[PDB]
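Chemist: Quick one, structure for this:
(chains A, B, C, D, E, F, G, H, I, J, K and L, ligands or ions: 1)
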Amino acid sequence: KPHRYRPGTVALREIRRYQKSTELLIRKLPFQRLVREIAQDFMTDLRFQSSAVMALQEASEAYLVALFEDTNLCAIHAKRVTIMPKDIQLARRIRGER
Amino acid sequence: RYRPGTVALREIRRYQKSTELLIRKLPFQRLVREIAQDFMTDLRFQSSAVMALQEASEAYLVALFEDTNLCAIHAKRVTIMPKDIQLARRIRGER
Amino acid sequence: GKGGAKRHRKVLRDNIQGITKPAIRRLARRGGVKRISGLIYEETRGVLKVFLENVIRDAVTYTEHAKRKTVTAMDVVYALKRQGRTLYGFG
Amino acid sequence: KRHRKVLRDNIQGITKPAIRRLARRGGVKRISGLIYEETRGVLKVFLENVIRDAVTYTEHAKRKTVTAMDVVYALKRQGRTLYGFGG
Amino acid sequence: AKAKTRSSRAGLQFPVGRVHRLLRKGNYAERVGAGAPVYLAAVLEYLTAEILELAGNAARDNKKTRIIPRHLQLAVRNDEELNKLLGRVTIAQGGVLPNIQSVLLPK
Amino acid sequence: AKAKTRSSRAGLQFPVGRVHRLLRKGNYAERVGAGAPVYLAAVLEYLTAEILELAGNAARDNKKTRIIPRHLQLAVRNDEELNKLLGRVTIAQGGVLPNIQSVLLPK
Amino acid sequence: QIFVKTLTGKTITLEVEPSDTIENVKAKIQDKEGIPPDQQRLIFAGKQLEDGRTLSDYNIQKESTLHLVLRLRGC
Amino acid sequence: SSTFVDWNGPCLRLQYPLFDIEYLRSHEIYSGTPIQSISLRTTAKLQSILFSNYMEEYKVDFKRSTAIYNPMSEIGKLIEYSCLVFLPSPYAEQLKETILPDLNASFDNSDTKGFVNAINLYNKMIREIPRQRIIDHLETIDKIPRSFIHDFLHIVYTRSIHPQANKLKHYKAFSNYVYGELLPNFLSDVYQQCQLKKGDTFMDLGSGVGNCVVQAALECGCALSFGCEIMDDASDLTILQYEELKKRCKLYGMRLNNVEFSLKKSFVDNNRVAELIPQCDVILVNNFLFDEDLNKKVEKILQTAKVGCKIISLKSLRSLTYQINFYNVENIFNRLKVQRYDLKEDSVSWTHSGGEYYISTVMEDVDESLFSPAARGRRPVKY
Amino acid sequence: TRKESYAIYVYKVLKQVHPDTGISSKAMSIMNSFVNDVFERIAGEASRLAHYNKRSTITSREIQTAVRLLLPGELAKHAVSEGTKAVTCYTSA
Amino acid sequence: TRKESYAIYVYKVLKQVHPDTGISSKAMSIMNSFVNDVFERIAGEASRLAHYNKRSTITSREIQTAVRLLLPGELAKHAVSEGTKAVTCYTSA
DNA sequence: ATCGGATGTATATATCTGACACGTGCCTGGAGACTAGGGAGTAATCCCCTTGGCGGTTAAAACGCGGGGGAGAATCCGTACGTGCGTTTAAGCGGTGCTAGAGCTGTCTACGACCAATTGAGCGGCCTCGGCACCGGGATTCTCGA
DNA sequence: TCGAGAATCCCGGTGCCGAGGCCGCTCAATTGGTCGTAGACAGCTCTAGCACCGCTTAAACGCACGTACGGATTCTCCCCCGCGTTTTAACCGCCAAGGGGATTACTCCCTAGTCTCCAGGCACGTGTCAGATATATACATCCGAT
Ligand SMILES: C[S@@+](CC[C@H](N)C(=O)[O-])C[C@H]1O[C@@H](n2cnc3c(N)ncnc32)[C@H](O)[C@@H]1O
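Modeler: Residues are numbered from 1 along each chain as shown, chains lettered A, B, ... in the order given. Take a look at the structure below.
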């Protein structure tokens, strides 16, 4: 049969790959559109200087990555390797965000 | 004889609805003084300062134990254990 | 047969699905996550939306005080610094 | 006993019932036997940080008395603003 | 002419004049607007009025006519917005609200 | 009357003059001491030297002669004290330290 | 009988007659609650009652509801 | 298999003679000149149902960016509304069975040839129908789809506002004079909530391009629908939109009531607004970003409001910390029963999310809610 | 020396909202510390806002924006309402 | 107009420490932001210290105390020693 | 456990290439040199608040002994998430054009700083009484083992 | 379910000490002047953010296999709760001395201010080589079969 890696091997491979890299893991245009929609709530038309959207993407990716580190720690504390929404909720509750 | 977990819940209710300091005053004062003896000068520790330290420490430990209890419940346990405190201080960013 | 509208502005749709499942997967993988539950994607989209609304609201408030129509990088940096999320490399 | 009474350890002065009461106020039904030493260590670290900051304020003020305002400012520095002692 | 406090002009109990002097002497900026102390005093008075209203409600519910730190703590933490504003704040002699997790309750 | 910069007097690379001007115009106090900008410039120079030393070590570990944001991130987060100083800070294009939890690796 | 509502949400009962004037009502409120006359303003049906006028001028009905406003500071 | 029109959508019941039967029976030839869809920027001609001599050109091509305007969707909507509203039986049945399946299939599959053939066969089948039967059916109509007037107003909007939509972005300030529209769905919802009826008066403070004025005058039959605007670009666009609306309303036989605009002059310190506020029955003020000074000016204007007048707004007219001490006994805001409701999705043109909107009814007496301190709170407290 | 505080004004606001309720010394000190802390927060935020715009004046606009940034949600809206009302009442005098 | 920055001095310190190593524009901007942020932290802490002691001036003592309060551990000790060296050398000439 | 197959990826070398480093004009901010005000250093005094002790009481801590209830380990289910593959989607690159919003420069007029005289708001001290703390006793409500 | 039994709540009376209100007495807020300049408005420049289109192909998405891990069940067992007795030290109350934290008064050196000089660094421009990217290959790692 075709050579197939067991579950969790390629997961570790992507962990090693993306931990040594620095490029943005959220694509630029979808995040820009999300930012513009979130700013569409105000009736004024806003322009979002190109560095500002990039800075928002840096901050959002860093926040989500730290959140997933905390979520992984919570899941590993619960004798599990699969993060679940309960884990994110616990991480944000302990952090003081909820 | 009440079963285990009954008097513990009664104590939770008693100490959550009350505001008195849960650490004895003099032992905490002595602890604060030793923690400050690392500096050679003999400090005087205005009594309101010791009281403020006790307020802050008790509030910090109460919040830490709330987080520890949440961690323990997350692990399908009701007994808080040192790994719960370590997880709480790690998630908070203190370690 | 399909209807349409579009008034004076291109009203962007929900556009949080643009934060795709592989994108959240990559973000988790960078965080050291070996396995991801299927409900992580919607929850993380909600968390990202809440965080972005907070940061963009602060940045647009800063822009409002400056009497500007452009959210400069400085506005985002100051909004993030206000939340304790101090960002370097943009100012 | 030389010139000043060097205090003994006095971290056991935060007794087991005291840590139990602190946990009970936090909504803890059961406490492991090892929670007590861990809580003593955490309290020692926190007190070390806050008292170091307060003593820094005091020595900058050219005072030998750790005023309550010094503790309040030290806690405000650490993001733990304390109300009821001035500020 | 007869002196009239600016707090009376703005219909504020808080000291607009003291707020202006604090802004000037606090070195928040080289210059301080005339309407800035009025605005800041009004905001402070509003926040104090909200917290005092909730604390007095707590005291009345506890059959006490004197606000203590416990009532301030209850007022602050029971209200999502005030709690979020004072999230990082410790109120001395406040204690913590009654909150037992449902898992801990007996079966 | 030859002009000699105060940074040259203090043997510092950083701008003692600009630091003094920033302190004066920063509304930090009514007046700024003469020795204060020298001290602050010295502290800033020392910290910058620390970050650049560790970042250059990281770059040499990667066989690269240009310090990039990734190298700054490695320098900050691999040093306990600097990470504690910059704990609440996000470095753009910095990434994360390579780490994987022990139980996640295969048996 | 009539009722009056105050800004604090308290309902207070008054026993008066249609021929009664606003001034005697005002002093009646004063003696039952201690609020002096000059600080209190009366409102009915979106209309402010005038001291020179009387209850029958405004055509008060039985079991009606009035509103009382206290002069705290003014402008 | 989908349709351009929601055939099961809400049906608005006509409360006045919306379709001018006398005008249609007395006039058989159309002389107006609406902005042709072809002039906006393969062609297909849509034949007017009521007037034989009018035929509108549409650039039917499934290869352009239809993000701004979709002529094929408009043609489908118009043919479906002819099948639904403007055609009596048995003609409605044949028109429904013959064209709509083919037309919808062509639109879904982007079949340009099929779409053009459907348009041509539709025009041929309408031409043989007597005009007498159509006008008789329009006379006997008592309800029509709620989406019909919405799509009609959007057609007028595309003829009028899209060619110069960017000119609406010339507002200079961030917290005043900023342009934002309320979608016709929200307008129908609030007009139903406020019980606009024949003989009522509608004012719109800050009408922008006058969407609310024209929509009220159309789907509520107000005796006079008024709108005041300051911006010059929005004023010129309002003039263009009203002219296009009059031409289109004459094209379809729809009566247009008295619509009035006070353009290029603020409603504050305005004589016409001042004299029209007493007779208003509904007053819509889009105060989403009006500053506090303009809110005070709106309050000053609304002092003369009558009893029963309902005031629609995106933010509360009364400041949420509004009280009654000295300068409020003679004020109107004491008599305002404020009711909050939640905006639905796609209710406003500036965003998709939504929010809240308040209807303030002018009461005969002072509002009883403000007296209770519970109402004044933002939203018990015991251990 | 005279140790100033917001005690009398906190008491006045207390009697404004709750005429028949007192307040203890510890609660009084907590309220004074709260007022000082929020004053410092808003003043520092307005100072940062003025510095960012290269403006040397703390006007009502700076304080309004600072109050919008600091207070969450409905608290910000009501505080801005109170501040604007106070400024409007004061300027018309 | 001119936009001042710590780029030249960061470069000078870099060539002092690592003669053969360059620095990219993004890294230079991050280092500039770091210098500005630490300057703001130390200056704000010194301002708070001056206000608490009722002092109108920021001399080297307030900066030293701010460094002690801000930098953790050995960073504080080394920064304090470097600042003392700089002040002594500056006053010597 | 160990031997091959397939895979990813690491190393290596070659060829770009645009961002980094260095050169130059100059101009705007830094530096030198008075001048004068006042904030800060230093000295003297008061007395508040700190240390230390001491002794008696009494609540709380520590020790010890059941025991049962929750922690942890082992087993088994099944389903839900990981991994490839083929398809579809649209992001990213890469050009062009619009024009309008950020930035800079030039009035000048309102506005806030500063200063002097005035006095009522606000704070330090001292009654003083009533809301809250303590204590005895009775009613209430929950808890547990039958 | 019932009974017995322990916290817990409440009712009343007593006691007390600290919140509230009053009285001076400062001195900081208010009023009334000028006068420097911050910034609001207007005009001009110009460059960057919006918008559009087309093509390539990297990435998203749907589906299918399967396997391993999340959840449930069951068992042991040991440790932590609850209760009782002894012990220990906190606590309160009271005494005392005196360390140094406020406070005031004097002097005077340091720093704001301003004026002039000048050179250090920021904008602009151009060389050129570190790094990225291309391919191509060696080597490490995972996994299936024996
Ligand atoms: C958000 S738009 C609402 C447009 C329209 N009423 C609607 O809902 O579709 C607000 C409009 O009010 C106008 N406006 C704002 N302030 C005004 C004023 N003071 N006098 C007259 N019009 C004003 C602006 O021109 C702007 O177009």
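Chemist: Please make it C-alpha for all contacts and neighbour counts, starting now.
Modeler: OK.
Chemist: and stretch E:52-65, which residues are buried?
Modeler: E:52, E:53, E:54, E:55, E:56, E:57, E:58, E:59, E:60, E:65 (16 or more other CA atoms under 10 Å in any protein chain shown).
Chemist: and it, anywhere near DNA strand K?
Modeler: Yes - judged by CA under 7 Å from any atom of the strand, stretch E:52-65 and DNA strand K are in contact via E:63, E:64, E:65.
Chemist: hmm, who's touching that stretch?
Modeler: E:66-67, E:71-72, E:74-76, H:381-382, I:13-14, I:17-18, I:20-22 (CA atoms under 8 Å, 6 or more residues apart in numbering or on different chains).
Chemist: and those, which of them are in helices?
Modeler: Among these, the members falling in helices (DSSP state H) are E:71, E:72, E:74, E:75, E:76, I:13, I:14, I:17.
Chemist: ok, these vs residue H:375, which is closest?
Modeler: Nearest to residue H:375, judged by CA to CA, of the ones in helices among the contacts of stretch E:52-65 is residue I:17 at 14.6 Å.
Chemist: Dump the buried residues of stretch E:52-65 into TSV; add distance to residue H:306 and secondary structure as well.
Modeler: Listed next are these as TSV, based on distance: CA to CA, whole Å; DSSP: H, G, I helix; E, B strand; the rest coil:
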residue	distance to residue H:306	secondary structure
E:52	39	helix
E:53	36	helix
E:54	38	helix
E:55	41	helix
E:56	40	helix
E:57	39	helix
E:58	42	helix
E:59	44	helix
E:60	42	helix
E:65	45	coil
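Chemist: re earlier: in the contacts of stretch E:52-65, find the pair that's most separated.
Modeler: Counting by CA to CA, the most remote pair of these is H:382 and I:13, 22.0 Å apart.
Chemist: Looking at the residues of stretch E:52-65 next to DNA strand K, which is nearest residue C:66?
Modeler: Distance to residue C:66, by CA to CA, is smallest for residue E:65 among the residues of stretch E:52-65 next to DNA strand K, at 47.2 Å.
Chemist: any idea how far residue E:85 is from residue H:153?
Modeler: Spatial separation of residue E:85 from residue H:153 under the definition CA to CA, to the nearest Å is 47 Å.
Chemist: Between these two, which has more neighbouring residues?
Modeler: residue H:153 (21 against 17; other CA atoms under 10 Å in any protein chain shown).
Chemist: Next up, the contacts around the closest residue to the more buried one other than its chain neighbours.
Modeler: Closest residue in space to residue H:153, ignoring its immediate chain neighbours: residue H:215 at 7.4 Å, by CA to CA, 6 or more residues apart in numbering or on different chains. Residue H:215 sits next to H:149, H:153, H:184, H:187 when contact means CA under 8 Å, 6+ apart.
Chemist: Over to residue H:187?
Modeler: Counting by CA under 8 Å, 6+ apart, residue H:187 touches H:212, H:215.
Chemist: Go ahead and flag the most central residue of the chain.
Modeler: Just going to use chain A. The residue lying closest to the centre of chain A (CA atoms, centre = their mean) is residue A:64, at 3.7 Å.
Chemist: actually chain E
Modeler: residue E:48 (3.1 Å).
Chemist: roughly how far apart are that residue and residue I:41?
Modeler: Applying CA to CA to residue E:48 and residue I:41 gives a distance of 15 Å.
Chemist: and the residue of the stretch 51-200 of chain H found nearest chain I, how many neighbours?
Modeler: Residue of the stretch 51-200 of chain H nearest chain I, by CA to the nearest CA: residue H:175 (12.2 Å). The number of residues packed near residue H:175 is 16, by other CA under 10 Å.
Chemist: again with residue H:223
Modeler: 16.
Chemist: is it true that residue A:18 touches residue C:29?
Modeler: Yes - taking contacts as CA atoms under 8 Å, residue A:18 lies within contact range of residue C:29: 6.8 Å.
Chemist: Compare those two and say which is more crowded by neighbours.
Modeler: residue C:29 (26 against 23).
Chemist: Would you mind listing the residues in contact with the more buried one?
Modeler: A:11, A:14, A:15, A:18, A:19.
Chemist: can you pull out the strands in the stretch 251-383 of chain H?
Modeler: H:259-262, H:282-285, H:310-313, H:336-342, H:356-362 (DSSP state E, counting those that start in this stretch).
Chemist: could those go into JSON lines alongside distance to residue G:57 and mean neighbour count?
Modeler: Listed next are the strands of the stretch 251-383 of chain H as JSON lines, based on distance: least, CA to CA, whole Å; neighbours: other CA atoms under 10 Å in any protein chain shown:
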{"stretch": "strand H:259-262", "distance to residue G:57": "42", "mean neighbour count": "18"}
{"stretch": "strand H:282-285", "distance to residue G:57": "33", "mean neighbour count": "24"}
{"stretch": "strand H:310-313", "distance to residue G:57": "30", "mean neighbour count": "25"}
{"stretch": "strand H:336-342", "distance to residue G:57": "25", "mean neighbour count": "16"}
{"stretch": "strand H:356-362", "distance to residue G:57": "24", "mean neighbour count": "21"}
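Chemist: Strands along chain G, start to end?
Modeler: Secondary structure of chain G (DSSP state E): strands at G:2-6, G:11-14, G:40-44, G:47-48, G:65-70.
Chemist: Those into TSV, with extra columns for distance to residue C:45 and mean neighbour count?
Modeler: Formatted as TSV, the strands of chain G follow (distance: least, CA to CA, whole Å; neighbours: other CA under 10 Å):
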stretch	distance to residue C:45	mean neighbour count
strand G:2-6	49	17
strand G:11-14	51	14
strand G:40-44	54	19
strand G:47-48	55	14
strand G:65-70	51	20
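Chemist: Adding distance to chain D, write the ones you listed out as CSV.
Modeler: Output for these, formatted as CSV (distance: least, CA to the nearest CA, whole Å):
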stretch, distance to chain D
strand G:2-6, 35
strand G:11-14, 38
strand G:40-44, 39
strand G:47-48, 47
strand G:65-70, 35
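Chemist: right, and those strands - which one's nearest residue H:239?
Modeler: The nearest among these, by CA to CA, is strand G:47-48 at 42.3 Å.
Chemist: where's whichever residue of chain E sits closest to chain G relative to residue H:321, distance?
Modeler: Residue nearest to chain G within chain E: residue E:11 (6.3 Å; CA to the nearest CA). Using CA to CA, we find residue E:11 at a distance of 14 Å from residue H:321.
Chemist: residues contacting the spatially most central residue of chain I?
Modeler: Residue closest to the average C-alpha location in chain I (CA atoms, centre = their mean): residue I:39, at 5.6 Å. Counting by CA under 8 Å, 6+ apart, residue I:39 touches E:40, E:44.
Chemist: Looking at chain C, what residue ends up closest to chain D?
Modeler: As assessed by CA to the nearest CA, chain D sits closest to residue C:84 within chain C, at 10.9 Å.
Chemist: For the residue nearest to that residue when sequence neighbours are not counted, give me its contacts.
Modeler: Leaving out its chain neighbours, the residue that sits closest to residue C:84 by CA to CA, 6+ apart is residue F:88, at 6.1 Å. Contacts for residue F:88 (CA under 8 Å, 6+ apart) come out as C:84, C:85, C:86.
Chemist: remind me, longest helix of chain A?
Modeler: helix A:50-77.
Chemist: residues making contact with the helix or strand that comes right after that helix?
Modeler: Next along the chain after helix A:50-77, taking DSSP states H and E as the criterion, comes strand A:82-83. Contacts to strand A:82-83, defined as CA under 8 Å, 6+ apart, come from residues A:71, A:72, A:74, A:75, C:33, C:34, C:35, C:36, C:37, C:40.
Chemist: need the contact list for the closest residue to the third one other than its chain neighbours.
Modeler: For residue A:74, the nearest residue in space outside its immediate sequence neighbours is residue A:87; the separation is 5.8 Å by CA to CA, 6+ apart. For residue A:87, the residues meeting the contact criterion (CA under 8 Å, 6+ apart) are A:71, A:72, A:74, A:75.
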